[PDB]
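Keeping their order, the protein sequence lines are chains B, C and A.
Oh and the first sequence: position 35 is 42 in the authors' numbering, straight run, nothing missing.
Oh and the second sequence: position 87 is 94 in the authors' numbering, straight run, nothing missing.
Oh and the third sequence: position 77 is 84 in the authors' numbering, straight run, nothing missing.
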Amino acid sequence: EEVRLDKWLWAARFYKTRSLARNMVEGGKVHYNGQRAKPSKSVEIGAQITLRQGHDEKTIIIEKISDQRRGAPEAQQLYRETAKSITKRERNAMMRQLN
Amino acid sequence: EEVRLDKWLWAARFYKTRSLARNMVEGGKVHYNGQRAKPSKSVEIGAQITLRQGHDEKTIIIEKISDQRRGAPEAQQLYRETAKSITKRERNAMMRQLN
Amino acid sequence: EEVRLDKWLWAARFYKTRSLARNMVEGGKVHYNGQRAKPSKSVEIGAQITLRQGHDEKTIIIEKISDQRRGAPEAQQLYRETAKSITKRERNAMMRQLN
C-alpha cells in the first residue's frame, strides 16, 4: 500500500535494479509532478512521473501501486504514458533517422 | 461529486476559462457520448468527450471526476486520449505542410 | 461480475460476434498474459491481452469488466492500448505501402 518511488519504478520495470532506479531519481533524471523528488517518496495514484529511458523522455501517470516486480506483461498495468509524451517521443525518434 | 461538463472541461484545462467552455458546448463543438449536450450535464466516469482544441479533434475518456482546476501536471489524470484519436490527430497533422 | 474472455472481447467490440471471438481464442489468435488461453478463462482487471484484428496485432490492458456490448462510444472505457503496441502498429503500418 505504501511503496517508494525507486521501488515503484523498479516494480514497473523502468529500471533493471532497485539501485539504478534510486540513482536515477537522485541524479535528478526523474520528476514527480514536475519536480525533483527523493527516492523514498511514496507513490500516489494519478501522480505524473517524467523519466529518462536511454534517449527517450517518458511521462507516465501512475494507475496502480505495487511493491512487486513481475513479468513484463503484468507490470504494464501500473502506468499509462500520456498522448503528449508518445507523439513527442516518436517525433524525436524520427529525427534521428533523418539526422 | 456532481460536476458540470463546462466545469469539468475547465478543471481538465481544455479551455482556459469556464465561460468559454460553456460557449463551446452551446455551439456544438463539444460532444458527449457522440451527441450534442447541455453545458450543465453532470459528467460520468468512462464517458466519451469529443472536442476541438484549435484545428485538431480530440476524443478522450473521463478517468476521474474533479471540480478543481489544478496545475497542468495534475490535470492529466482525469482523462486518457484513445489510440484512435491519437493516430488520427497525428495523421492529419503531418498532413498539413507536406500538402 | 464474472465474464468470459469470449464475452469480454465481444463486449469491448474487438470481434463483431461472440462466436468469432470464441474461435479466435481457440485458434490461438489471442494471448492472455503472454500465453494461449481458453475462451472460458475468467477475465481480470489489469490483465494483458494481445490480439489479431486485421493484419495488425494489438496489445491492450483490461480497464473494466462488462458483459454488455454497448455502443462504440461506450465500449472504449473497458480497455487501453499500450504506447508500445500503438507505435508498433504504425511502424509496421507506414512501412507497408511506403514499400
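Virtual Cβ for every residue (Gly too), placed ideally from N, Cα, C.
- Contact between residue 36(A) and residue 58(A) holds: CB atoms are separated by about 7 Å, below the 8 Å threshold.
- Residue pairing from DSSP leaves residue 74(A) without any beta-bridge partner.
- Any Cβ of chain A closer than 9 Å to the Cβ of residue 71(B) would place that residue at the interface, and such an atom is present.
- In the three-state scheme derived from DSSP, where H, G and I count as helix and E and B as strand, residue 63(C) is classed as strand.
- Spanning the alpha carbons of residue 96(C) and residue 97(A) requires a straight line of approximately 13 Å.
- With respect to residue 54(A), residue 68(A) sits close: the two C-beta atoms are nearer than 9 Å.
- For residue 76(C) and residue 83(C), the gap between their C-alpha atoms comes out near 11 Å.
- For residue 90(B), the residues of chain C that pass the 7 Å Cβ criterion are 88 and 93, in the order they occur in the chain.
- Annotation for residue 98(C): the continuous alpha helix (DSSP H) segment containing it runs 90-100.
- Within its own chain, the residues whose Cβ lies closer than 7 Å to the Cβ of residue 74(C), once the five positions on either side in sequence are excluded, are 10, 14 and 18, listed in chain order.
- Spanning the alpha carbons of residue 25(B) and residue 49(B) requires a straight line of approximately 15 Å.
- Rounded to the nearest angstrom, the gap between the Cα atoms of residue 21(C) and residue 99(C) is 20 Å.
- One alpha carbon belongs to residue 80(B), the other to residue 40(A), and they sit about 6 Å apart.
- Residue contact with chain B for residue 80(C): present (Cβ-Cβ distance below 9 Å to some residue of chain B).
- Here residue 92(C) is buried. Its C-beta has 16 or more other C-beta atoms within 10 Å.
- Taking 4 residues as the minimum length, the alpha helix (DSSP H) runs contained wholly in the stretch 24-60 of chain C are 25-33, in order along the chain.
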